[PDB]
């Protein structure tokens, strides 16, 4: 129901990421009901109108309306996009003090609501803030999901889809670790088809080679390059979130590189970090523990350590 008995998705923090997220769902026709909750009520309000006015044309009927935390109680997924945005220069981590703060309230209000579905966090630092969402709430880590490396993984696929002129969609590779600076390309297990990548290049020596490194860097700095170009990013994320949201509402068991919490799986513990996980109706079915090279073993590990410390000194 669009009228309380359907797929109700609640968006907390309706700015660029937020609202784009909503426009993608509407266009895509993914949820039944969509609630917008934002501090800037007005924003929540015009936006809502704005969506409803174009609805005569969406592919599927959906119920959009501006709400409150009580709308939570009944929603299936609480997607969080409120908070501070990295300005030019700043990293992801320069926000932790800022956001964790906001999360204490947000998360408290939705729990108080009587809520009980899953949580989809998108705010940066996505690995820091999903752990906190997991904490501040007390639900199983299995129902607190962060975008993680879904935006980064898709950029990879895009760039490599372009290098070899094949559908991104037929490009098989991941970026894991912190959705940020310590992220890493899992070259060791990257494929174009079923044909490994680090083997179609072995024929074009120290070109393929430099070329490949080049992509990764573009990958890794995407945000900064786009932040610099138009101030904030959000279409890349909107699609990423819209994609995760259907694995769930459609109980898909789609492998997705998202922010999963580990406790020994990658030889790391008590950290939320981007890793392959099977997503379904009930949140994370399980984290996939892919075979890494010593090289990867090492930077993944370097990344896990990085987050680790932030958490260390960053709780509440």
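Residue numbers count along the first chain shown, from 1.
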Q.
Quick check on the record: does 135 to 143 or 153 to 161 carry the larger mean Cα temperature factor?
A. 135 to 143
Q: Would you tell me which stretch averages the higher CA B-factor in the PDB entry, 19 to 27 or 291 to 299?
A: 291 to 299
Q | Deposited CA B-factor, highest of 65, 57, 51, 266 | A | 266
Q) Looking at 73, 92, 172, 199, which has the biggest Cα B factor in the entry? A) 73
Q: Using the B-factor values recorded in the entry, state whether the Cα atom of residue 168 falls in the lowest, middle or highest third among the modelled residues of its chain.
A: lowest
Q: Grab the CA temperature factor for residue 14 from the record and place it in the lowest, middle or highest third of its chain.
A: highest
Q.
Which third, lowest, middle or highest, does the C-alpha temperature factor of residue 248 belong to within its own chain?
A. lowest
Q) Going by what the PDB entry lists, where does residue 99 fall on CA B-factor within its chain: lowest, middle or highest third? A) lowest
Q: Report the third (lowest, middle or highest) to which the CA temperature factor of residue 61 belongs, ranking only the modelled residues of the same chain.
A: highest
